[PDB]
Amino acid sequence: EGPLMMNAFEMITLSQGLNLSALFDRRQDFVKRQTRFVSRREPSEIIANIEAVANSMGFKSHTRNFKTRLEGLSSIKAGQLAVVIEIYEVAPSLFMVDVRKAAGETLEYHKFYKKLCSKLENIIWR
């Protein structure tokens, strides 16, 4: 058992250029940071590492199938971030980790993603 397969045509559908949801936004004060990286480590190990870092950062984590849901345990609303993370195999030893905001403030989300990645700089591939 492993992450879902994502072929090149599937990967390109990730582009902010191809998804027109953004034209329908009412409030958008901020610019989207790119919240994705690639890795070569075994998928179950990627997951365990993401779960460990998130736990130490004050997040409750629930994983089903190389898809993780993170919820902030902060008692302060701005810290009540929800995040989903999924891993896809884009090539036989290459996995993309796609991080998405399910709920919460954009600026807090960006701060989160920066901190996450600095804790995981080992698993991140060139």
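Position 1 is the first residue in the sequence shown; the rest follow in order.
When the C-alpha B-factors of 24-32 and 69-77 are averaged, 24-32 comes out higher. With 98-106 and 112-120 compared on mean CA B-factor from the PDB entry, the stretch scoring higher is 112-120. Ranked within its chain, residue 4 lands in the highest third, by CA B factor from the PDB record. Looking at the C-alpha B-factors along this chain, the one for residue 89 belongs to the lowest third.
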